[PDB]
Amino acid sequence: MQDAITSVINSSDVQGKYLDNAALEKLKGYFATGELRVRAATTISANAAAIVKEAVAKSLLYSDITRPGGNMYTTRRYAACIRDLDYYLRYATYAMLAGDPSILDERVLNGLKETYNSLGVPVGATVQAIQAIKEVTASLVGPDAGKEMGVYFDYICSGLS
């Protein structure tokens, strides 16, 4: 993975360049936000189970998906689905701390669409659940942090489609 700092270093290194004004501006931009990212991550960690619970209640429960024949029917599949949502929240939080989505390509999305398709996991319902996690998270961390977390939630959803 790269974070916002290492992405700048790597783009300068491939050119054989010392950090130029544009690179330094990107580094300053990250440093100026770091404490706000830590504050959001602290709040999300303390509320991670509650965020997934509320998103599931809003987007999945009391539908064909949890009834016999639905992909969240059986305790094993219910548990697998909330485990996936726990992953999406934990990795989106990492990406927000890093200010960079590369961890999502490396550790979340690589082969994920193919896995879901092979198992019959419905992508549309997963995307609806991630949208609900985005809304619940924004209610807890405030508008600016909610928008930033939204970038990474949307990145995961796009990667499934």
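Note that residue numbering begins at 1 and tracks the sequence as displayed.
Peer 1: Please work out which of 131-139 and 88-96 has the higher mean CA B-factor as recorded in the PDB entry.
Peer 2: Between 88-96 and 131-139, it is 131-139 that shows the higher mean C-alpha B-factor.
Peer 1: Do the CA atoms of 28-36 or those of 65-73 have the higher mean B-factor in the entry?
Peer 2: The entry gives the higher C-alpha B-factor average to 28-36.
Peer 1: If you rank the chain by CA B-factor, which third does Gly146 end up in: lowest, middle or highest?
Peer 2: For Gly146, the deposited C-alpha B-factor lands in the highest third.
Peer 1: Tell me, lowest, middle or highest third: where does the Cα B factor of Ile9 rank within its chain?
Peer 2: Lowest third, going by the recorded CA B-factors of the chain.
Peer 1: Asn47's Cα B-factor: lowest, middle or highest third of the chain?
Peer 2: It belongs to the lowest third of the chain when residues are ordered by C-alpha B-factor.
Peer 1: Splitting the chain's C-alpha B-factors into thirds, which one does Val108 fall into?
Peer 2: Within its chain, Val108 is a middle-third residue by C-alpha B-factor, going by the deposited values.
Peer 1: Which third, lowest, middle or highest, does the C-alpha temperature factor of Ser59 belong to within its own chain?
Peer 2: It belongs to the middle third of the chain when residues are ordered by C-alpha B-factor.
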